[PDB]
Amino acid sequence: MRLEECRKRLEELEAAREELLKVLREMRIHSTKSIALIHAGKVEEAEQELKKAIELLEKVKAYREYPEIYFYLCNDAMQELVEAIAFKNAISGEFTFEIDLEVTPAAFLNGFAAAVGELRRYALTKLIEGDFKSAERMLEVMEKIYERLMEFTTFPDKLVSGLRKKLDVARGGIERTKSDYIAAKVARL
Amino acid sequence: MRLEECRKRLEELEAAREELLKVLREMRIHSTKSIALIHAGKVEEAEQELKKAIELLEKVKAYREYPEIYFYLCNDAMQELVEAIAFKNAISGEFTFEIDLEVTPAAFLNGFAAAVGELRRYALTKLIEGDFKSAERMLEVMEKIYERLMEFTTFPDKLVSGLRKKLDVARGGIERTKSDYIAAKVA
Amino acid sequence: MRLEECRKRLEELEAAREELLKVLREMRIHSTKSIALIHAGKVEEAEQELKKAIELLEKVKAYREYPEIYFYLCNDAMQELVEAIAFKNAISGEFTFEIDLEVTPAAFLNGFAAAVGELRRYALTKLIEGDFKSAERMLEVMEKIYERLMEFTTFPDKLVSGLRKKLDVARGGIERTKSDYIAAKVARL
Amino acid sequence: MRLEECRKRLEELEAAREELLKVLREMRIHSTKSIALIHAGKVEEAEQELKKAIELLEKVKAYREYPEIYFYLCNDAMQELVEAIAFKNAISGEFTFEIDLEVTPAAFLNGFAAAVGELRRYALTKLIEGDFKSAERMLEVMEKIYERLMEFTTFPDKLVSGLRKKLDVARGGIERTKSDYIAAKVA
Amino acid sequence: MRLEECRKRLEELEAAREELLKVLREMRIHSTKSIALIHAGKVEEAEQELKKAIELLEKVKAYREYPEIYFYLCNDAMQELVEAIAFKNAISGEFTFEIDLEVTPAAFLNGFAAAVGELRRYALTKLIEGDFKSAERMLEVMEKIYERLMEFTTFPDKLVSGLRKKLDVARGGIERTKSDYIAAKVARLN
Amino acid sequence: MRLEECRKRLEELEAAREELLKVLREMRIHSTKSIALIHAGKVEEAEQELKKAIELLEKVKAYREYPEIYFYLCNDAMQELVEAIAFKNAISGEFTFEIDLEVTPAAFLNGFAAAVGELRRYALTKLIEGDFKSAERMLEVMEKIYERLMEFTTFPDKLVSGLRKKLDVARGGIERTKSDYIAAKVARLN
Amino acid sequence: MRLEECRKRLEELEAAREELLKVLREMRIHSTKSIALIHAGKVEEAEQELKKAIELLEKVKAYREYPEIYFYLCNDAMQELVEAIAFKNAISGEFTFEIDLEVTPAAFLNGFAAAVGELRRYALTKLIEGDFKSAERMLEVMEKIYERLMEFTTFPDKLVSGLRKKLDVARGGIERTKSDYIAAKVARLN
Amino acid sequence: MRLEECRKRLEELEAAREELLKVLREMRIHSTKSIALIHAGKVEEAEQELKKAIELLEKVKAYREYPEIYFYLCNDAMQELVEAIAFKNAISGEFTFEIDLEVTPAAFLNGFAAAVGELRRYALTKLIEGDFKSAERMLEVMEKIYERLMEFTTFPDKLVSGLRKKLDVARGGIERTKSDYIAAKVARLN
RNA sequence: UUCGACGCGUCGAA
RNA sequence: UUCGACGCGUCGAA
Ligand SMILES: [Cl-]
Ligand SMILES: [Cl-]
Ligand SMILES: [Cl-]
Ligand SMILES: [Mg+2]
Ligand SMILES: [Mg+2]
Ligand SMILES: [Mg+2]
Ligand SMILES: [Mg+2]
Ligand SMILES: [Mg+2]
Ligand SMILES: [Mg+2]
Ligand SMILES: [Mg+2]
Ligand SMILES: [Mg+2]
């Protein structure tokens, strides 16, 4: 009797949404903690927090058997995961676009985009500490991310989430960071 | 090469989105025509449009392999179709909740609630025409749909979308119809 | 250390909000069921459901020790409780403004206002069943609720919730129901 | 007679709301003046305004007997006061989270975050004036406030209101300040 | 010293706004009161309220010297007062379009238009109670107000605020009240 | 030298635009006035106003030379002109979708949909005057317009813009009017 | 007979309103033009445009006879006129809050707050031209206006309307300008 | 039969909109590509893209027969194309304001204004790589664009879309790039 | 008052 | 946007 199939499926969904949300939130917390740790210098516990995030990502992936919901609310957490990963990889001098996760296209793309910001932050504090090498390396992975990711601008925005906006922000950041680099060079004399 | 997998999946999703949209639009056009036809008397021709809509729905059932879209896209046409089916069932004395489609829960629920206003317009036409038995029937199914759907209001709004609102509006319609029936009976 | 007092109080609040919301939601379900039952004729199980509501209201009142939140989210449930009660009392021919519950002024007032609608629904279906007595008595409690409640219009709206709007709706309903009464009289000949 | 109890409570609540509003407005005026004064150099006079604000806050502490309002009304003036306190602490080398007020959690958190912008404007003035040690200090406390507040972002937005946003904006401010400090050092 | 002038004029405007709002709200309370009394049957008490209201309008009038704020603020109360006067007049067999107050064209027109529905309410309650004569009278003043007011409907809405919506409502009320009257009339041949 | 031709075209468009705006505001005002006037039972005067409107429409059509701005701007007022025409046509016994003067597709469709509401007012006031046959005819045209215009929903918005929303409003109006018409069927008796 | 006087005043207000609108749109256009012109380094032409604006302000002030509509409407354009004047004054070495022609309090305050941003553009283009002293002066005035105008926040909005938002924007502008000025201090060298 | 005419013109407009959008988006893709290539150093491949784009514009031009829709639709692509052309021209030492395309004043002006920032990016990357001569050249074309474009800033915004904001950004970019250049210059005496 | 849509202006990421 | 807000001017909804 159809109404009871409704009631059933709605109870299932309410439950799933609650649990999923819990998991996704824990994942996000670990991603964020990871990023902050990397800014702080502690890359070891950054890798720890990261591993925690990914295990939780398997737990998250468990809920794909609820297509309605799922995709409407995975993105943010997924983005940060990618962001955090790319970010660690950049500062470890092992940056790759070859991150293999069961994540949505929008989230992959956008996570990479988001890393550009963290990179600007990093490159800027290193600029201040006098470490021009790390800065110019950061710069380089930034420009790489932008340049490669712009290729997906050709898609209708709705499919590719907030990609054009984020990339325009990135571009502004890259210019600011280059100016800062030059300024830091001339400053330190 | 990862990014290339992205590119490929986005090319697919774009294509799909476009065709799904086209098909959903056809489906909706048929649903709508069926409804307007029932209002116009042409109840059999209405049945034809409904049949078409349902076939097109078989064609829509293809795209669930794209869950990244699909639901988001299908909602409106879906609930439209449920509306048309419920309206047709109702006007022809065969009203039931037991329809075989599936159809997402919100689409289902919201379709039935949507039917209530259609039933009011019908009921009111019948009233002007003098057919009181028809208006009484419609009134009965309106009342039924309300009483029954209201049970699902326990749920968090998000999961069931606009349900509570659409129901309030329905209630309003039912009352206005009861009034319209009381007058007209003064004739 | 202040930050820890923050963290503590926020964990407390998140919890309380969750629980409170559950309780309130159950209360609302019983109120609503009560009302529908009364429309259906089954006033006995209406009184049952009602009693369930009120016990749950004691449970609700438990959370007053969280002033922030609480008042931001009690209203709706409280309103319906009052509404439901007034509604039962009207159709039992024992209508009173002397309902004694620990409930907010806005909710008391607004619940009574809301009853007017249920009453129009009721008086209308009785109008159709031929029962003019019940209808005119309903009408009378309607007009009573409006006239007594208008006296609180003198307050700034924010304090008295959606009172003016609801009362204007009520007034429209009263006029519609009177017209219906006359029309039902002449119809029935 | 119930309804009369309602009438009474509403008369009280109205009176209170009016008074509370007046007092909060006073408090906020003093907070604001204290901040602008610190920006202008007059750091002691600023201290005076801050003292006034806090006394007025003792007067505000009366109205918690009206929980039906109070919080809703107090939020803005509260977080503004926390902002002024944090800013004053910071500019005078005595920055700490340990302030004795309470003050609701969101008001607290959001007040500190709000301080970051004030610290940027200050830092930038100091920069133009040549006082690098001051900008370094401000930069340090901006960084601290960010690092520490960010921990509270775990919480559901509602409970902590605009925190995540105000922090993003803060981050932005900190970066722009770091840039402004790198230039100016080229002199 | 233009900033100090700003400060002066702003202080005055602030004060005036507080006082004016307090007065206005008293006037509106009294008007609403008198209308409710009229429905309630207590026409003398209604008269007293109407009187305290009209008394208040003299106080309100003092604020014309602040034209920024004055016309924006006075509208609802003025309209409400006009409504109460036209309504009371209607039921006392003394209906007149010659209400001579210092009030805006908007408040005047809108007040009568508003009175139309207060009248529908009245006419329906008399109709229930078997008092057909009262109903017929009310319906006549209703129709007269509609008829006289419909010509201002060519003026730009901003100049005559909600006039068209009000008159729409009036139209419907008239239609419904006529119907109700006729139905009740047949109803009392049995 | 291109920058030059830019400055030239730009100046031309500035001036045209200002004029086109003035003329459109006038045309729109006269159309509205005409409809209001019909409702105020001043049919002749309404005729005059509609004349002034249609005469402005030629001054307007002069600006098709500037397609960078003509279609973007002309919409509202052309909608209003269609509404006024369709309405006059309907109450004048000869209702038809054949009004010879275009006008963009969307303004035509929107204008008719809009006219549905004016028809509602008119039918209501017929009902009040006791002219049931007239109100019947109005209901009929209203329904017709709804039925024919619904066929255009299939097209995308933007291209057709406001239509869906307008038509929903219209549907509401029609039903409301039916309800009122039913309420009046107590005559019939007397 | 009151309905009569209504019709009269209403007609008067209709006509006045249309004219007042036309004159305000003009005055506003000329003020904006003047500011634009200064930025385009055409200072004399900007002088002309400002003249045309101030001359329209008298045509405008004729309408104070209609306080039902005067203050509601004049706001925007009087704000733009203040902005243009304050701006011209500042870049012309004699900045002062003493501009002799009023104008409502809120339009004055808002106009100056508005002028802060134009000052930002100007200081930026000075910086580009290498005139650091000039940009310094601009920074100083900007800061002054911010400081003085903040003292008016205590008042309620509405009375002061847009001020708080404008001033926040202004604060942002000032800081941005400071940052730019700092970035330029690499000259200094050469 | 006016409804059937509506249906016809609407069908045509719908089709045209689909086709046009497809074309426009191809042109835009190509322009964006050519710009990215220019930054990437691959100026020949950039030239090829620019060529495919300009080829497309000939297709786009065919849609002028649908003025409803045409001008609303073509703006962003046209602007993007102009930007790409002016940018490529700038780095190839062949900068010219004489770009002779059938394109709106808005697209033209806005395209150059847009190119300013693309230029700032370029100038900064050469500046990093020690190529001071390229930077100086870029800064010169930047300043020339700003200077000639600033006079259109007197035109109403709607007629010349985002021109003001674009030029604001330009101003700042110029200011920053000058600073950067000077800083890098001192930086290479060590 | 509340909401939405269009046009006219000014902001902001703005 | 494009996007978000403000105010004027129109028009519809509650
Ligand atoms: Cl570090
Ligand atoms: Cl029953
Ligand atoms: Cl060409
Ligand atoms: Mg991040
Ligand atoms: Mg339907
Ligand atoms: Mg209820
Ligand atoms: Mg501050
Ligand atoms: Mg009234
Ligand atoms: Mg109309
Ligand atoms: Mg300006
Ligand atoms: Mg670009």
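A quick note on method: Cβ atoms are made from the backbone with ideal geometry, for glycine too, and the neighbour counts reach across all protein chains shown. Taken together, the values in this text are just the output of simple stated rules run on the coordinates, not laboratory data.
Listed values, structure above:
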quantity	calculated
Per-region count, the range C:20-46, residues more than 14 Å from chain D (Cβ to nearest Cβ) and either in contact (Cβ under 8 Å) with a residue 12 or more places away in the chain or buried (at least 20 other Cβ atoms within 10 Å of the Cβ) (or both)	17
Residue match in the range E:54-64 (condition: in a helix (DSSP H, G or I) and in contact (Cβ under 8 Å) with a residue 60 or more places away in the chain)	no
Candidate set from the range F:45-62 (those that are away from chain E (no Cβ under 11 Å) and small (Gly, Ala, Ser)); member that is farthest from the chain's Cα centre (by Cα)	F:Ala62
Restricting the range H:126-149 to residues that are surrounded by fewer than 21 Cβ atoms within 10 Å (Cβ to Cβ) and within 30 Å of G:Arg25 (Cα to Cα), the residue that is nearest to the chain's Cα centre (by Cα)	H:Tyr146
Qualifying residue in the range D:47-62 (condition: more than 16 Å from ligand 9 (Cβ to nearest atom) and within 14 Å of chain C (Cβ to nearest Cβ))	yes
Within the range A:131-152, tally of residues that are within 21 Å of B:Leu10 (Cα to Cα) and without any contact (Cβ under 8 Å) to a residue 12 or more places away in the chain	2
The range G:36-45, subset farther than 18 Å from F:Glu14 by Cα and buried (at least 20 other Cβ atoms within 10 Å of the Cβ), residue farthest from ligand 2 (Cβ to nearest atom)	G:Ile38
Considering residues of the range A:151-174 that are buried (at least 19 other Cβ atoms within 10 Å of the Cβ) and within 11 Å of chain H (Cβ to nearest Cβ) only, the residue farthest from ligand 3 (Cβ to nearest atom)	A:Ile174
In the range D:20-61, the residues that are within 12 Å of D:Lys88 (Cα to Cα) and acidic (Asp, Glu)	D:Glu44, D:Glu45, D:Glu47, D:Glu49
Where a residue in the range G:78-99 is within 14 Å of chain E (Cβ to nearest Cβ) and under 26 Å from E:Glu68 (Cα atoms) and its partner, wherever it lies, is within 16 Å of ligand 1 (Cβ to nearest atom) and β-branched (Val, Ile, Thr), with Cβ under 6 Å and at least six apart	none
Residues of the range D:1-31 that turn out to be among the basic types (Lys, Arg), away from chain C (no Cβ under 11 Å) and touching an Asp or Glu at 6+ places or on another chain (Cβ under 7 Å), as a count	1
Scan of the range B:144-169 for residues that are more than 19 Å from B:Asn75 (Cβ to Cβ) and either crowded, with 18+ Cβ neighbours inside 10 Å or aliphatic (A, V, I, L, M) (or both), ordered by number	B:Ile145, B:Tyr146, B:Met150
Enumerated helices (runs of 4 or more DSSP H) restricted to the range D:70-173, each holding at least 1 residues that are in contact with a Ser or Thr (Cβ under 7 Å, 6 or more places away or on another chain) and either free of Cβ contacts under 8 Å to residues at least 60 places away in the same chain or closer than 25 Å to C:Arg17 by Cβ (or both)	D:71-91, D:105-129, D:132-149
Count of residues meeting criterion [more than 9 Å from every other protein chain (Cβ to nearest Cβ) and not hydroxyl-bearing (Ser, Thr, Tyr)] in the range G:22-44	10
Selection status of C:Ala135, part of a helix (DSSP H, G or I), away from ligand 9 (no atom under 16 Å from the Cβ) and touching a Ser or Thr at 6+ places or on another chain (Cβ under 7 Å)	no
H:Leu73 within 14 Å of ligand 3 (Cβ to nearest atom) and either within 13 Å of the chain's Cα centre (by Cα) or within 11 Å of chain F (Cβ to nearest Cβ) (or both)	no
Of residues in the range A:80-121 being closer than 19 Å to A:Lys178 by Cβ and not hydrophobic (A, V, I, L, M, F, W, C), the one nearest to ligand 2 (Cβ to nearest atom)	A:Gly117
Tally, over the range E:61-94, of residues that are more than 30 Å from E:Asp131 (Cα to Cα) and charged (D, E, K, R)	5
Residues of the range F:100-112 satisfying the condition of being among the polar types (S, T, N, Q) and more than 8 Å from chain H (Cβ to nearest Cβ)	F:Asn110
Yes/no for C:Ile69 being in contact with a helix residue (DSSP H, G or I) (Cβ under 7 Å, 6 or more places away or on another chain) and more than 10 Å from chain D (Cβ to nearest Cβ)	no
Failed condition for B:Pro105, given (1) within 14 Å of chain A (Cβ to nearest Cβ); (2) closer than 24 Å to C:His39 by Cα; (3) crowded, with 21+ Cβ neighbours inside 10 Å	(2)
Answer residue from the range E:116-174, given it is at the interface with another protein chain (Cβ under 9 Å from one of its Cβ atoms) and of a type in the set (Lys, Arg) and is farthest from ligand 9 (Cβ to nearest atom) among those	E:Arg121
